[PDB]
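Heads up, the thing below is written out as structure tokens.
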Amino acid sequence: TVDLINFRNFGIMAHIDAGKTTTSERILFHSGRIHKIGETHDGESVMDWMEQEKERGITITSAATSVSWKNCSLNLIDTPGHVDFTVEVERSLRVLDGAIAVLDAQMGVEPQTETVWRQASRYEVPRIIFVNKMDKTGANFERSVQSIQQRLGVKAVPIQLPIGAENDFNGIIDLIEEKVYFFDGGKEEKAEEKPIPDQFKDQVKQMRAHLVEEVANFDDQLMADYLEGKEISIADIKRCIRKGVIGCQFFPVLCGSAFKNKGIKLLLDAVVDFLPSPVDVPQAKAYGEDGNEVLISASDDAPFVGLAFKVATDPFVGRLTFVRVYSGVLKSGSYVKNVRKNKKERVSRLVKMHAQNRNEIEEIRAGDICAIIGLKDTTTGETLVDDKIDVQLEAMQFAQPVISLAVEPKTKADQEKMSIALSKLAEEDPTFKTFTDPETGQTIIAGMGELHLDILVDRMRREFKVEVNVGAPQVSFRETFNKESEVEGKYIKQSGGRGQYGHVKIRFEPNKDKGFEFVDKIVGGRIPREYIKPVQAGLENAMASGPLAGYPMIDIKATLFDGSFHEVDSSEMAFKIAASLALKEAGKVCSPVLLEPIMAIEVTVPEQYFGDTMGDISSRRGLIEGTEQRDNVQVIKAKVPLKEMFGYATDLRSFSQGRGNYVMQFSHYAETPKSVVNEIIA
Amino acid sequence: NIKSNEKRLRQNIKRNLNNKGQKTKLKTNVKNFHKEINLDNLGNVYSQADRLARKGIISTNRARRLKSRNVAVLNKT
Amino acid sequence: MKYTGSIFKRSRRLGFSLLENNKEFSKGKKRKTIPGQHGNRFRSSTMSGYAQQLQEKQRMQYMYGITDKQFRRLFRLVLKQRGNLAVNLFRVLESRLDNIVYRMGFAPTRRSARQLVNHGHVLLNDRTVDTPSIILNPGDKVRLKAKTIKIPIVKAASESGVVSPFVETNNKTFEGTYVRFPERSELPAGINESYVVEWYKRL
Amino acid sequence: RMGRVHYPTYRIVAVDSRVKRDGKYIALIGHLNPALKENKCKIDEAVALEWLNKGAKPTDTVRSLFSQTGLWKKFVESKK
RNA sequence: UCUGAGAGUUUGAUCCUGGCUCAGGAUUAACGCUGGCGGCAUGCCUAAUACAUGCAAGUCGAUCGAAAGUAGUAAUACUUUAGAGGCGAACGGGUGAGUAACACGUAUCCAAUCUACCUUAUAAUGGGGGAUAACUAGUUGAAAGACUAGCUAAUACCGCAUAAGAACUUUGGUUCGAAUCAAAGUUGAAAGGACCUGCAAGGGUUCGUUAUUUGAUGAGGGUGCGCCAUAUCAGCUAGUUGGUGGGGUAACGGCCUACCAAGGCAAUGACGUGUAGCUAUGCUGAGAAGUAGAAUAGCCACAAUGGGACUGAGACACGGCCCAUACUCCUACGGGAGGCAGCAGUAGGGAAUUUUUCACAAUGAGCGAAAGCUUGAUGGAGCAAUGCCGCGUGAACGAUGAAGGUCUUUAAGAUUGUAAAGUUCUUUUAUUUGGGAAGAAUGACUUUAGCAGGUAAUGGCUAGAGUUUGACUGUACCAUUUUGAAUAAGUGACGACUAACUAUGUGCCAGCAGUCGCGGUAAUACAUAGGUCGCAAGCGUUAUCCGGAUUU
């Protein structure tokens, strides 16, 4: 195979609405150019007629697509297609030895590239900023370099000057290389380089001084050379940019287009120049859940670790699980050990699904990605081993899809199908969580954004072939009540097993947050002890159910009042049933009240929709006594009802471009307002 | 799939061409005998049939029966 | 049950003393009938040929301590050899490894004998049995392994070994030879296997 | 071999050019275990001669068992 | 004779007529409940539906030219054959759609039939001519593919020499629809590659072919006997029916046809109809008989359905070919493609029917002097108590059995129960130690003694001696290898049929239930606490055939 230095992974490190998947498909076709099948004229050009971006995000989603490009192996992985979430972008980041950040110039108002950049900046992985929106009505180059700063502020040093910047991008002026144009719209194969002429020698020279004034600080002999007027050598410039991407000092902001499809040649050139081997890249950390949560490296060496970062379903050939090889060689043809399951599993064949093929293979070296065809028991984060390396079970690097939407139960077949559907979606995301309301025998779906929910439903309905009614979210709706009166109970018999009689008086006492407590007032022998231990049997069982719809009857006190005395019989469990029915009737007639969560919101919104979110919460009738200040965001300490919480993230985002975000802390249960409680009383 | 199946396919298609030629030669010798009925053509048919039976394509029973039917016509003349 | 955990119950209720004065024994309470709140002469027709066939089968397969599946296996294995079902079946059942080890006087109880022989310390046909499933034949030498020549309970049992007109045991060397089958006169007096013979109607 | 694992039982049969073991046979050669070095096969210096003189030589794994009986020492000169 | 269960069902009661049920082995099982191991064997009945994926017979130079390079200047020592050509390719396995019949069981007619290697061995490997791939060039080409142009080898294509024997003409002889032999006509066998000795010839030496020829091998048509249903199907059948001649698969056969024809089967129900794969093997019962011939051994059938041809000895060929019909990938819409009723495995119905299985270790073939290779056949293994099999959840002493469930309801007691407090002891399954496999220790390969055509020459038969070979398995078995009572329990129901029941709610409500039938003014059949017996790592359940019903 290709050398270990040449095993570099690259995940599409961006979000949709940015021309993301168009660029991903363009890169996949550019590095996967094969002519013996006629593909060169089958995927020649890629561009949008965009009225829907979910199709672009889903159909082009490359879970693991490996190809080779003359010097190296390019592992293009377009797992993210959601606008804002963590699992797909995070697995792409973990896999990739270098990152490509797809940014915009026509729409610089995209809100969900800051968190993506922050995720990629955790491991210091090399990043190349590439902009493809420079082919519309309203794009620019100054817009690119200003949006890359106001959104992020990473000092993106422009090594590429776009010849064509609004709707005519067809050339690039380079510093490490020479100026280049693009005569080939759509499919690109040639970088039409041109020299530095007299009309542009100063144009390139000013930015050369710009770049060497930064590069001079590194390797201070360069600073001295600048004293003596010696321009920094291009090799030193390249090494310093490599350090500034793997060390996050400064990154080049390239330029390109995705609708005339210009600017992918020097894109890949700079990717190769600055995104190095899986040993030069700062390796991502792995805290194995099996007790070895320590800082470890991912350098290429003898020990082998195999992490299944993606899965897919197929009945005929078996499950197709995409794995990333971080170190060593993955053995096959025998029993492979799963440390997470801590057992050896018998495997038959292994595979790799490239951009256009499923090659049946057995081994992929570190820095690259592989797959197993079959292996119906695998999870995202597991470690397949053969040399008995340490554990790397990763589950903390991913976060929760927060904001709930209820799902109601129906006939057996669909619910049984969605059982395995959710279970197998939990191995596609180790933090994909779901709730189960007491009012439903089914799950509660979780998402925050419109696109995240749509793509989760798409994964539910495409890979698993199942769809449901996503109902309005509901509450556990706990049950208390207010002052209620005395009730009475009797049981009389003469036939049957034997005659048994009981006659008791009981009252059901309210509380708010104090649970079951007993208040007894029986003194005088009006009910003997033989009929005393019976009646209490009917008390506690009254706390286990609600009279409206089975809601939990918690935080409620029950009080025994009186019984009855008799000589010729009137035995015990007659008193038991009398007390039980007395408690039940008192619970019936209590006219209860309910409890729901009204949560204090820690609203962390950037200071462009602070007023918009302020007005939104005022419409939601919150308690905004003030607002604490932060770096670029304001945090409102407010209150929001759970009813207005349903879609709160979605509505706030629809009113604020999606940058207005949400931080939600769970609060103690409080009395339901008069409007909410009376719709449930029955 | 067995590669030897296609190997014997190659061999048997070439045998198809060769045996078509040889059986057509034998049948045209038989036709010549049936046109000019004489002992010389009977001997030519005998030689051709002996050659084909020696080659081992079809069993000698067919050769013997065809030449017996030919010499029956010989006795009819 | 192929087992117990209070044998004295089985001995008393079955009407046959599995131990003569060590299982129907005055150890506090002592019984000879069905115990509990249902000790009663059932006026319902609980008595027939079926009932006493069952009862004799219970007595015989509970004095041995063996499972009923091996009872049926022994029946089937004897069916390979022509003869008389009753005497041959009872003699083969008596020839059980655990039953013969107890008959040697090597264990105070059939359950204890079964546990000991299973423990991997009984040599028969030069094979230390890890499962007491080897049916003996006249002259089969059962040997006590080097382990069970130092065990106090079975030491005391062996030193009090039992000899019968159809077996013998050398207790000092912890060995036993099954001399012969109990043919028709060395069988227990209150036990009759003929009922199990008549218990089938598919012969 | 066949039967139960670690207790193999080899049933030796005849063949001409295509048939398997213990299926369609001209005549059952006999029974040898791969773990047993002595055969209780139907070998009596006569059936082997019958199989050799009738053509369709049987399975080629009891040749040593026929060699011990001197089958070849007479057949290689009978054919000669 | 091995051998054979009863009871319950009617009128006030009695009996009779008749019927039903449980009472039995047994699972492709499943199923509740839980669960010890391993051995062991089982494992889509339904779906013959597409089959994705790997796989389901490979071996060949001791047949050849060159390809093709390691060392060599090259020749060449050397690697196999892309290709020509050889065998096996029809093996194997699969299911049984369909097939009810010579397929079968059996003796056969084969007078009509071949069978490659093999086999009984007589005859041969004399001599060539010229191609053809390989090689080379061009062409169409995204590839798929694809045409043209030439050269050359052989074991390659095509004649002849000899050619016993033999095919086959005419005469005689012999013989139960021909057996047998004499005379005599015609007529044809290629092809040599390779190793030691020998100048060569020749001898030894290994392959490839040749005829002749005893059989096997697979099978051909018929074949008496028996071979599912089919009257709430009575007429059916125009090669129908047979003959002369001619042609014909391997051949007799209207196999088929020209000619000549009107008959053939049939109330013992013809024809038609759809089905089952047939025998051995699979259970029940004493028996009568019933229950499958799934898968399997033999035979038989498709091998996605229906044809055609070729090869091969045998195919009109699952995994050859061409095609029509079902399907399909990619694509520039020009184009090319194939079959798990092979193994698995997938999709489904179902209760479920195994690995998307490992080595050919041993066994089969095939072929190669030989090293050997592949088998998804085989041998293993997984797999689900999947079924069977055995195992252990203690024992001993110790009380009037201390706790308590049920009864009593006082109130011990007594059931559980020597279960316990109390004292110890035992360890397969709990648990570790090392020995650690048998199975290669087979075919094959190599030294040799004898034999041995030769032994001038290398080699071959028997054997001495060695080579080497695991799917398993640090498995199996051994030894308290060490501490320990510790490591495992559930089910039915207790009114009878047919063992296991006392009380509590319950007024024919609750709910039980295979038959009788259970509960409407105090429930041992219900529900439960409990005790109880039958069992048991399996327990109960239905499923399925006969006998218990002679009660067809």
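Note that the numbers count up from 1, one per residue, in the order the chain is shown.
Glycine residues also receive a Cβ, built from the backbone N, Cα and C atoms like all the rest.
So that you can see what the record holds, here are the features copied from Swiss-Prot:
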- A:14-21, A:78-82, A:132-135: GTP binding site (BINDING)
- A:5-279: domain 'tr-type G' (DOMAIN)
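Within 10 Å of the C-beta of A:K20 (GTP binding site) we count 28 further C-beta atoms, all protein chains included.
In sequence order, A:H15, A:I16, A:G57, A:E88, A:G449, A:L451, A:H452, A:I455 constitute the residues six or more apart from A:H82 (GTP binding site) in its chain with CB-CB distances below 8 Å. Of all the binding-site residues listed here (A:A14, A:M134), the one with the fewest other CB atoms within 10 A of its own CB is A:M134. Ranking the binding-site residues A:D17, A:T79 by how many Cβ atoms sit within 10 Å of each one's Cβ puts A:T79 at the top.
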